[PDB]
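Novice: as they sit in the full assembly, here are the leading chains:
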Amino acid sequence: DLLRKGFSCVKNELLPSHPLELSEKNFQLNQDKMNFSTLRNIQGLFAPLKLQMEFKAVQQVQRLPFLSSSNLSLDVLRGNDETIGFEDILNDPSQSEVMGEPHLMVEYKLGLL
Amino acid sequence: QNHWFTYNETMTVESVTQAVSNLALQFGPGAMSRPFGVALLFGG
Amino acid sequence: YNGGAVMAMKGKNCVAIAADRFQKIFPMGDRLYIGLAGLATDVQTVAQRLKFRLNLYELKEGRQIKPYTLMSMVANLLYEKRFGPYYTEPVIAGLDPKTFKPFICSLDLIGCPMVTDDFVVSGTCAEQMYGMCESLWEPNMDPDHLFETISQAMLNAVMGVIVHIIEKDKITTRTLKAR
Amino acid sequence: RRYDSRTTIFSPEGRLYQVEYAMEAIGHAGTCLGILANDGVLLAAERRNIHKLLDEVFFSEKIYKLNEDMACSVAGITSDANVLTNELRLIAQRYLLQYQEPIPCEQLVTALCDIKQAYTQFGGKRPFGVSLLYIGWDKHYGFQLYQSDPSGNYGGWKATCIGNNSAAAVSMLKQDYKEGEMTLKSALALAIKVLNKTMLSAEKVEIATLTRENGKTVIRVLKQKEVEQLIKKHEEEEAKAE
Amino acid sequence: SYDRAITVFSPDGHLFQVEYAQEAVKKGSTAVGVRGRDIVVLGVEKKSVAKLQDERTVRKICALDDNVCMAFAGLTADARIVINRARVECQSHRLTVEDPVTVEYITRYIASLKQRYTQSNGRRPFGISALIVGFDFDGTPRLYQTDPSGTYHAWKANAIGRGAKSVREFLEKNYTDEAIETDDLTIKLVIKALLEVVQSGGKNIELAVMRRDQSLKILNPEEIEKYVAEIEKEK
Amino acid sequence: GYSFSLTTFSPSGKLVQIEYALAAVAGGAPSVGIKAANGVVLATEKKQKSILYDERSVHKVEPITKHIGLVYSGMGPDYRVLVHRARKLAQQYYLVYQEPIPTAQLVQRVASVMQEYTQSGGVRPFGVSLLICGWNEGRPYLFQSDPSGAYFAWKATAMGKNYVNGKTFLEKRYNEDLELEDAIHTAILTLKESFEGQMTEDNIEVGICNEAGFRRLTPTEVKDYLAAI
Amino acid sequence: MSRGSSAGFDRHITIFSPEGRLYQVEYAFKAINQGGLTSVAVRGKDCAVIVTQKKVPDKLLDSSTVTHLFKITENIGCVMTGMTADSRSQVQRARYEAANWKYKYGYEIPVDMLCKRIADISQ
Amino acid sequence: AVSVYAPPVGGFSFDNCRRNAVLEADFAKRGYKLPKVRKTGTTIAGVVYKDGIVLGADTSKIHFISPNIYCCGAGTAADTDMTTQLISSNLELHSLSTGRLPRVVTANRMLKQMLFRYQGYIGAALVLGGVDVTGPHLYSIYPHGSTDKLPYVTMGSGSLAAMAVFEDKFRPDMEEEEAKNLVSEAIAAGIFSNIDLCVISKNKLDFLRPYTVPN
Amino acid sequence: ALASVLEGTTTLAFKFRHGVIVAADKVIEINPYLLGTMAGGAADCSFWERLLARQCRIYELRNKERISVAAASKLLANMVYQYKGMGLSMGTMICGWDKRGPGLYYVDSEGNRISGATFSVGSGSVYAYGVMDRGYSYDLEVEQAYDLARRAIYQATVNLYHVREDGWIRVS
């Protein structure tokens, strides 16, 4: 603390800089919520449960968070295997300019911090 | 210390023992998977 | 705050890139240069990030980079920050690593390119310096006359200037001021 | 046995058998050689893929370039070696972006060794079965040579060898190495002799050299004519030594 | 058959994987530390010479801050993580408090970090043991030691690694106030204690030292040989 | 004891599940790839040889870009998921760099994707190996990728069932200076050497690549080539 | 899941046999015959026909509630063979996929595209 | 780095907004000049004849979407270029997977959804048009995500004269040559250079062949 | 079961060889060994000094040793600095005697943290600062220092405390 984090202003975190920041940061979650709500209202409780179970099972076999992963099965299930968005060609995450220590990020993923 | 900061009062020995025991009865993120291997003896 | 001015021309197997009196022209490769104008900090950040990406590309693919690929890469880098943009206006001039053909272009702060055959200019003075350059340019000018023409245009449009002349064999760097 | 299933099990006498097996898997690959000279560093390798129907794409099959000052050679599993090399290049570029100065060799080696060690402690993953050799030049200590293990251990050497028949090569280098008096030509001759003893054709070896010339590092790959001339000279000298 | 899981108790109340980590520590290289009146001394014994090796890249004595230093024994790869974590924590506490760290504080942090990794079946403990010496802000020398389980204690002098029982017995027999009076006396005591188990000395001994407001200093083979010869002259 | 877990080294230092995946690859339909002086030819033997099959439903030879093709030998379902990802990667490269992707970069990226499934528990490796052909800067290329994520560069290879004999045949009659038609004839002969039946234009596929780009041969051309052998 | 994986060359879906055979897939293939019925589909010059068997052995059942011909879309028909609950679940999934394709692209999904999507999910 | 816990992600980055706001305010107060984006506002038009579409613009700018679909853009140049390239790549993937030439409605839906995702901050007004297995279609798309299917569309700076000409001299089942002349006159009426035309005809397309990647 | 599987006041102070003396015309008693001064919002001062007091108590319990004045002042400054530009208003002086002699510090809501020898804030405190500077020294008498503080207060126009090696007392 105070060295592993810094240059953070509380009064500059409550107010977003741009109208599009929050929508772009949380697009997938809102899309999933809309799809699940429509499916649950049309078919029943079982379909969103099955979809969430499949997503959770697939997302649990990846590399450790300090190395880039491919996410093939998740993209097959979601349907993003034949569409290219702005998240794929801009600011490639496979060539990030900053990265932390391995053990610290693995610990942070588990929530021990 | 939190109790004093909140109420301006000294905690009961029974109350502090209960607060301690509320943590060691849960097992099975940060919680352990095994029981604590220690026995305490409060007093005052 | 001035902004500066960056200018480019091409001739017979040679190109010329010039700027006014902070560093503005950065070498990217063996016979490929880039010039930026605008805020100093944005210039430095863009140059550093471009060097990072170019070094990774050259290491991974095991070959030198063509000018058009560099133009596309810098356009993508600039368009990444579409909503909050960098305040820079790049200019690229260089020769093909194998064919040895001239190439000059320009971009805006968002990344819209513009390939031109005779001359390229960008900076805080673009409305002027256009007609004079158009009247002062001739096709297929040899190195020394190219240097004379570009120095004359840069001095007449505006202290000192810096001129880079890059060829198939030698690279000439000169600094001069009006007498 | 009972304690030989995961990486997160300690033997009743303090051993990590999965890490031991990961290190033992190295001894099946080709022979990588490296010796440090007075005015340069050397690397030698063995081509295990020499077949009549095999193409000759790319510069070298076992020697990679990391940045303007360093190179490396691998011995182990190619699939993991590729990932490790990519990560090394990324780390070097990140440090250059951060400090506007080239990364020191020991810092690069430590940064990769942390990643290699991370997989021997968290369960559910398989350790990297790759061992590497590093050469380079630094403004703090000059010419350097290092070595890495699948367990995440490293150390600085002056003449080492990894891969098939490492013990004989190490013994011969220890016998025939001279401290502080090895020129690049003598190093090349010693490397040729050691490779000949431990394995000669000029299409089965790859040799790279690192030298400083007019303030800039130069990394070269020796040509077939040069290596053939070296082989012929060594054979002639050995015959004349009878 | 209760020793294949980290968080499983024995019928008589034993956790066995932690004891196996301690056993892994037990096979390291001997490290001895002595806390003096105005000085602190550390020392380890060197393994096979490996003549074609760079001795700088392999060392078992490190500096955490301007007033704290550390020595270890056990697995070599695991110590390099704990050392970096402690190095970062020292500066973080310096920002937090503005006062230099305490030996007890840094030892407690290291012990907590070691303890964190013995609480689940998805990770394995650290198989290292450490000796921490330094000077407090009041000028009082200190010496501590941690274990893979996550416990620490304060000592006057002790040793770890293989062949530590004989060294500890020698220290118990020959540690007093008449051989701690001077820095030379303390260094001779440490050298003799190391010589009690190592082979012919002067070439298998690495020794460091730190005085008050003087930072860490690494002794060289010339000084080590001088001290060994001075001891040899003394019958 | 060490044969059931994907993330376990044997005492000799071996991974056995990858060897079994390779054995799975070595039991599929045969495939042949030959690169000539001015192009590359790819061939394979079909599985649905019955009359009850629409000829315009499923193909084993797929195009990735204008200048890249690909064929496989192994498990069919594990093939579409790789073809789609390869197409997406090629399109991403074109979007970023405004230039068609070189063959070597695509092979490297596909191998990197394939390697990921051989290091974590809870998954199994892909049971398919790929042959890739291309043409960049006036040069033909031919590659091959293993289930373990290691790729090689070949001049003439044959994989699938009964491939050692095919490789010996190719080594016996491979010529450095060969035209494309001769390469097609040699590939057809090599495929015929191990067929176990009566080979017809309706149960084999052939794809060629040259300066014009990748193209899949029509059945009429296949029959015309067969009639000359 | 914390249930682990059973040991054996069969008995788990992510284990390869000594010559690379997945046995749980073959057992799933064997599971189709558990129903005991047969289905036939024939394509004509300008028509398609689906014929399947019907077997009601109980006189206390309602024959109108026993069927195996489903309607995925107004222009697509299906016939299922195998376990009844699995067949109905897969029909529901196919309906959802068709609706999603219609929403995303703007026209009715083709038969080959629907089959390919179902196969991609099943892989 | 020591201040990194979570892996980074791609997409747009909003970092300079807070700095840029105050910087622009101060520079405007002090009367300085800053770089500005480039705009390409000029007239464009389109019409439907008997069995095809005709597009036109003044000066190429008619972008390429598919062997049978073309587009014309007005507004900021970079946004139009990037949007067109993204749509073309997605349609190429879709055509490779399906095996058939794409439909105009698919492109219209993709463009509308993309432009609606960003609430008008990507300024690009388009004139889409093409011929598919159903028939000729064209549409007009606005930066906020609104589409209209019309027989004839005009857009740009000089649009009033073009719309007047269309309302004066239009009739169903136009012939190719006379439709081209009508478009040329409508565009020329807006300036008072030479103009460019793109003709997509039914007779030059085949819808009974497997898809092949174009040059 | 399946769904569960997924998830108007003047103050002054100065120090010398015999401790610290603080005077006013309120003063908060943080600890039997640390003494503080309030200036600004009452609720903010009370809450933040209470938080500092509990944190110091926790530190002393953990380390079995009393905290230092520099550490406490730096902790308070760090804690206040997080909510910068939120409307907080406080000006405090932290006085105590821990080691290496007595220490005096100042810290405010903006983020200032100055270590000095003489301090005085509030309304007409300039006259008090001037008179104390005129009559300041290092080696003095306790009664002399009390008289100097009284004269400074009288010139500015009573609460008086003295901090020694073993706590603080009130004289008037």
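Specialist: Done, it's in. Numbering: from 1, shown residues only, chains lettered A, B, ... in the order given.
Novice: find the helix or strand that residue G:30 is a member of.
Specialist: Here residue G:30 is covered by helix G:23-30, with elements defined by DSSP states H and E.
Novice: what comes up buried for that helix?
Specialist: Buried positions in helix G:23-30, judged by neighbour count with 16 or more other CB atoms under 10 Å in any protein chain shown: residue G:23. C-betas here are computed from N, CA, C, even on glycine.
Novice: ok, residues contacting that helix?
Specialist: Applying CB atoms under 8 Å, 6 or more residues apart in numbering or on different chains, the contact partners of helix G:23-30 are G:9, G:10, G:11, G:12, G:13, G:17.
Novice: of those residues, list those near chain F.
Specialist: The subset of these within reach of chain F, by CB under 8 Å from any CB of the partner chain, is G:9, G:13, G:17.
Novice: out of those, who's nearest chain I?
Specialist: residue G:13 (19.8 Å; CB to the nearest CB).
Novice: is it correct that that closest one falls within a strand?
Specialist: No: Residue G:13: not assigned to a strand; according to DSSP: H, G, I helix; E, B strand; the rest coil it is coil.
Novice: next one: phi and psi at the residue of chain D at minimum distance from chain G?
Specialist: Going by CB to the nearest CB, chain G is nearest to residue D:5 of chain D, at 11.4 Å. Per-residue torsions, residue D:5: phi -130, psi -30 (degrees, to the nearest 10).
Novice: related to what we said a few turns ago, same list (the contacts of helix G:23-30) but as a markdown table, adding neighbour count.
Specialist: Shown next, in a markdown table, are the contacts of helix G:23-30 (neighbours: other CB atoms under 10 Å in any protein chain shown):
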| residue | neighbour count |
| --- | --- |
| G:9 | 15 |
| G:10 | 14 |
| G:11 | 13 |
| G:12 | 16 |
| G:13 | 13 |
| G:17 | 14 |
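Novice: tabulate the residues you listed (JSON lines), appending distance to residue E:231.
Specialist: Formatted as JSON lines, the contacts of helix G:23-30 follow (distance: CB to CB, whole Å):
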{"residue": "G:9", "distance to residue E:231": "68"}
{"residue": "G:10", "distance to residue E:231": "72"}
{"residue": "G:11", "distance to residue E:231": "69"}
{"residue": "G:12", "distance to residue E:231": "67"}
{"residue": "G:13", "distance to residue E:231": "70"}
{"residue": "G:17", "distance to residue E:231": "69"}
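Novice: further, place chain J onto the existing structure:
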Amino acid sequence: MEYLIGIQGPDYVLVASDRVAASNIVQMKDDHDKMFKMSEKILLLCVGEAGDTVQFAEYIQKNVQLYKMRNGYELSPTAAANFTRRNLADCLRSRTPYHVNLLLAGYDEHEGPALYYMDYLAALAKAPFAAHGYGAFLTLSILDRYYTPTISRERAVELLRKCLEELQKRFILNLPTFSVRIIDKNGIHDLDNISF
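Specialist: Okay, chain J now, added to the rest:
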């Protein structure tokens, strides 16, 4: 009103600053150091709003010290300047009202003396001399009129005294006690204070 002066010579760097704080609520002695020591041969003096300037200096100091502890050998002035520039640029994008002005000076065995200039928008520059404050234009004009890469320590201090005298001639009020220091091959040699 605060003032920063910097001149570097053939084998040394001369640094001058003021000795007055910016506090205006409580009265204290004006004595307050402003130069920060990062290592044995690096000095950073920075001026701006109080409260965050000291935090920035402490953060940079701790980062440099941590680098030295991890590696065993100190940072160079160029690397320190680039690291500081990156950190300042990163920090300025969070706290929108932020004014920190820096000058960095140091000595390197490999390269030699160095003096880096940095404005409030994180634009690094290497200059023979630099100045921050109120009379920056006049001070820079005087320095440009009187300068050469040959002066000694006495000549440099005389030139600084001349600049201060010209500033006083323009307006002679205030003029705090100031303070000067010298960075050489042997370390940071403190120099005599010139209150004038």
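Novice: picking that back up, next secondary structure after the helix holding residue G:30?
Specialist: Going down the chain from helix G:23-30, the next helix or strand is strand G:39-43, by DSSP H and E.
Novice: just the CA trace of that following strand, in PDB.
Specialist: Output of strand G:39-43 as PDB, limited to C-alpha atoms (Å, rounded to 0.1, in the frame of the first residue of the first chain):
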ATOM      1  CA  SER G  39     -36.100 -42.600 -38.500                       C
ATOM      2  CA  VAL G  40     -35.900 -42.100 -42.300                       C
ATOM      3  CA  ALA G  41     -35.500 -39.000 -44.300                       C
ATOM      4  CA  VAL G  42     -35.600 -38.900 -48.100                       C
ATOM      5  CA  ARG G  43     -35.100 -35.900 -50.400                       C
END
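Novice: which residues touch it?
Specialist: By CB under 8 Å, 6+ apart, strand G:39-43 touches G:48, G:49, G:50, G:51, G:52, G:53, G:68, G:79, G:81.
Novice: now for those: which two are most distant?
Specialist: Maximum pairwise distance among these (CB to CB): 18.5 Å, between G:48 and G:53.
Novice: center of chain E - which residue?
Specialist: residue E:131 (2.8 Å; CA atoms, centre = their mean).
Novice: so how far is residue J:37 from residue J:190?
Specialist: When distance is defined by CB to CB, to the nearest Å, residue J:190 is 11 Å away from residue J:37.
Novice: counting neighbours, go ahead and name the busier of the two.
Specialist: Neighbour count, other CB atoms under 10 Å in any protein chain shown: between residue J:190 and residue J:37, residue J:37 has more, with 14 against 10.
Novice: could you find the closest non-adjacent residue to the more buried one?
Specialist: Closest residue to residue J:37 apart from its sequence neighbours, by CB to CB, 6 or more residues apart in numbering or on different chains: residue J:43 at 6.2 Å.
Novice: what's across from the one you found in the sheet?
Specialist: residue J:37, residue J:105 (DSSP bridges).
Novice: okay, chain K goes in next:
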Amino acid sequence: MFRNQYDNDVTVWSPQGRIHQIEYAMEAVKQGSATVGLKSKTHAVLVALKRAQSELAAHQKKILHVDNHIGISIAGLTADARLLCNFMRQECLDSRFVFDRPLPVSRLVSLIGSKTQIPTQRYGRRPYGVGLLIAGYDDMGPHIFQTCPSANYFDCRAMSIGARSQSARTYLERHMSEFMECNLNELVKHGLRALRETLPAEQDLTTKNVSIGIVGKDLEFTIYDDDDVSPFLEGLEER
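Specialist: Adding chain K to the chains above:
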């Protein structure tokens, strides 16, 4: 002999169609002291039998407090009892805070059952090992309930649970006829007489191991310990 593979998990069905872990958990209720509960037309009472480990100790608490009109008695594990009591207290407090109306006992018991059913179907969990007796008063009159580790609840009228509760249950079944038309003194006398059957025929129901909880219409939940139970005990006869 064939049970070895089918009784280590709660998500495994035996070939006979049984889950053995649920029965094993149910076996844990008989590890605690006996408790007795009964009701009448106006009041509901709870009687428990405290037990001390040795002479130099204080008997643990067997009767807890939930709300102003709800009280419970426990038998079995202790951590599970504490967790369930916390859940009940939170639910009652939330309902009172939001609706300004006491939470009905039937809704409370249904919530308890729904919460307890979950860990008997999923992996990584175990069934609760505590049985409860709940007494309350609401608009429908006095109530008394029982809770099983198998997530089952019964709306009984006089029940006892714990070790050696068969004799008490037999006595309650025999004497349940004359419970409705009784007042507090003889209701408590009946409860104590029923509880006395558990002890061997050599001990006595002294005023050191008895806890009494009483709830009623105008009377809130009250617990009597030590000298507070003296007025309820003098009237008892001999064995």
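Novice: returning to what we had before: kindly export the helix holding residue G:30 (C-alpha atoms) in CSV.
Specialist: Extracted C-alpha coordinates of helix G:23-30, given in CSV (Å, rounded to 0.1, in the frame of the first residue of the first chain):
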residue,chain,number,x,y,z
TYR,G,23,-14.5,-44.1,-25.7
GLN,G,24,-17.1,-41.9,-24.0
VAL,G,25,-18.1,-40.5,-27.4
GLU,G,26,-18.6,-44.0,-28.7
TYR,G,27,-20.7,-44.9,-25.7
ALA,G,28,-22.8,-41.8,-26.3
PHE,G,29,-23.2,-43.1,-29.9
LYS,G,30,-24.4,-46.4,-28.4
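Novice: work out the gap between the longest helix along chain B and the centre of the chain.
Specialist: When chain B is parsed with DSSP state H, its longest helix is helix B:13-24. How far helix B:13-24 lies from its chain's middle: 3 Å, per CA atoms, centre = their mean, to the nearest Å.
Novice: other residues contacting that helix?
Specialist: With CB under 8 Å, 6+ apart as the test, helix B:13-24 has contacts from B:3, B:11, B:35, B:36, B:40, B:42, B:43, B:44.
Novice: what's around the spatially closest residue to residue A:17 that is not a sequence neighbour, how many residues?
Specialist: Closest residue to residue A:17 apart from its sequence neighbours, by CB to CB, 6+ apart: residue H:17 at 4.1 Å. Neighbourhood size, residue H:17 [other CB under 10 Å]: 18.
Novice: and residue H:17, what does it touch?
Specialist: Contacts for residue H:17 (CB under 8 Å, 6+ apart) come out as A:17, A:18, C:83, C:84.
Novice: from residue D:64, how far out is the residue nearest the centre of chain D?
Specialist: The C-alpha lying nearest the average C-alpha coordinate of chain D belongs to residue D:133 (CA atoms, centre = their mean; 2.6 Å). When CB to CB is applied, the distance between residue D:133 and residue D:64 equals 11 Å.
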